[PDB]
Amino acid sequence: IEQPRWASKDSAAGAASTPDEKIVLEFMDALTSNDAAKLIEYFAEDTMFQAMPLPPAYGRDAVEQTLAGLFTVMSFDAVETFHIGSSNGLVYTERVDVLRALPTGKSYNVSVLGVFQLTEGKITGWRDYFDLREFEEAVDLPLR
């Protein structure tokens, strides 16, 4: 994970400053477990998840199942957040996702900017924005 030339050089750039931002960074770190049943405990009943190039899942069940599905084909290997901010109950994270395709054994660093919506310390919404094509090509695995 190279520090992009545009990443802040401030020692606090990618660190938490509120309880909600803290919940997210911990949830981000937990992703490396590739355990949907574990991660769903971070989510509220009324929630949704969407990797924006792909369709969205609505409901705590749909999110768990979607994450489980993703984990049968891909390993969350590492994360680093270069910027984190929040406002009005939404947490934004500019980060890098190291993803590893199990069927083909290839890996690619995905530049991601995500948004989280939290109520009472639980996630009511999660959307990651990135380019799907370049990831697919780099790991020889189509996901659409």
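Quick note: we count residues from 1 along the sequence shown, nothing fancier.
Of the two stretches 15 to 23 and 132 to 140, which shows the higher Cα B-factor on average in the entry?
Taking the mean B-factor of the alpha carbons in each, 132 to 140 is higher.
Report the stretch with the higher mean CA temperature factor, choosing between 25 to 33 and 38 to 46 on the basis of the entry.
The stretch with the larger mean CA B-factor is 38 to 46.
Within this chain, which third does the Cα B-factor at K122 fall in: lowest, middle or highest?
Within its chain, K122 is a middle-third residue by C-alpha B-factor, going by the deposited values.
Among the modelled residues of this chain, does the Cα B factor of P103 put it in the lowest, middle or highest third?
Highest third.
Split the chain's modelled residues into thirds by Cα B-factor; is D77 in the lowest, middle or highest one?
Its C-alpha B-factor, which the entry lists for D77, ranks in the middle third among residues of this chain.
Should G69 be placed in the lowest, middle or highest third of its chain by the C-alpha B factor in the entry?
According to the entry, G69 has a C-alpha B-factor in the chain's highest third.
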